[PDB]
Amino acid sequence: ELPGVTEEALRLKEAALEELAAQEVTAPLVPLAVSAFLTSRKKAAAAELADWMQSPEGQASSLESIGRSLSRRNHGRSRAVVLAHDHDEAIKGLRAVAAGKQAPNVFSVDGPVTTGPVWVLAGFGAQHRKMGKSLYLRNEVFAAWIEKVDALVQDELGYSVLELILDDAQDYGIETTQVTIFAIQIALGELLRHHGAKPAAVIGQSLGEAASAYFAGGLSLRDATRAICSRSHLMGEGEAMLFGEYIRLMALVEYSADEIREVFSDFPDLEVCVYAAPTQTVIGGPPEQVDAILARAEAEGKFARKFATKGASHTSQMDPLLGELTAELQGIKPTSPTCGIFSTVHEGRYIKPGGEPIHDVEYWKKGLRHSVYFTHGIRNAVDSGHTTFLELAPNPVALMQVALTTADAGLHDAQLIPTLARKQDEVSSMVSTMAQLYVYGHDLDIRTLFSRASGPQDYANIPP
């Protein structure tokens, strides 16, 4: 069996709840689904619902009850959702649906998207101090999955990730950034699955690869936790011992793989960490050469930025860790994927549902050591009909890279769906995420966005 929740986590939980229970209540974000076989019929339903919502009877009915009723309707070809906090938002929203006009809190589409979603598991550079905390405190399903990863990581590494999440005083490091994002990635995916969602395919990026292997059915939750724990601690301990001449930095710079081929001939020890976008690459190596490429970008008008690490993931530097990584991962049982995988480790190539297991000890070693072919994997997805990309992350930084690839590939209207972001209400964010998934017609039981009704007052007399 597994360690329980630590007494300290409980202590921090009690105090967090104390704090939460004392903030001014913010009105919840409610999704309003409006659906029909034809778009014209959808637009008239929209207009009807709006009219009724303007009437005293409609004005007396809670947004939540309107939503629950709307959610129980039959959901057809042409869909819309209005995301609202209050009646006025709601009406303004529904008018736009009716008028075929655009709005930030509105999504409206003529029919389903024809291919399933790609779940993007990245993480690199997305951490922030409070990530996952608010959703942990407010969502029992999410909480449950966090606590399961917390239990398994306590077992693996001897500390509590949940403590970090709950404690505003702690920030994240090389090691704890990785396992905590991972917990959050696992819990988000399973929250989503709880509401009916499923990935058609996954794509990993750097530290996200362990989560993607779990959601692809490539490894058990325990074995995926091993992969992330083995690597993050080795990496943190290695990077902590680095000073002066051994230090290797990481930076994002606005050069393509092709520009980098030429540019690198001035910088013999630079390596490519992540091909992020067609025009963006994360490079790594000696500070003086990293500093030099940065200043050459600056002088050419190109963007660049350093990552906070004394160590360069995805290079030859990582060679001393591989011995121990190998040994720590003995026993992991790679399994046949239950969904498609764009493997950024394996150069962006696609592995089929039912295919051969890829997630063996050497995959983890290859992934840590070598370049991450993210953009190539994304292009491969797009070229095969995928248009929905949903990022499971505390902050949707990879999705922005995804966007650059889709556009470059000519897909100017992809479905780019974030989850959590810093400075956005986390409960709201997930409602929004599941509403988007509904609209585009991917798997998602919208009824589950509402608690089972306790009485007639939990429904609304919306027009037929």
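Just count from 1 along the sequence shown to find any residue number.
In this entry, 23-31 shows the higher mean Cα temperature factor of the pair 400-408 and 23-31.
Per-stretch averaging of Cα B factors for 53-61 and 424-432 places 53-61 on top. When the C-alpha B-factors of 376, 333, 386, 346 are read from the PDB record, the largest value belongs to 333. Highest CA B-factor among the listed residues (272, 169, 166, 293): 169.
In this PDB entry, residue 419 carries a Cα temperature factor that places it within the lowest third of its chain's modelled residues. In the deposited entry, the Cα temperature factor of residue 74 sits in the top third of values across the chain's modelled residues.
The PDB entry assigns residue 451 a C-alpha temperature factor belonging to the middle third of its chain's modelled residues. Ranked by Cα temperature factor within the chain, residue 105 sits in the highest third according to the deposited record.
Among the modelled residues of its chain, residue 350 has a C-alpha B-factor that falls in the middle third, as given in the PDB entry.
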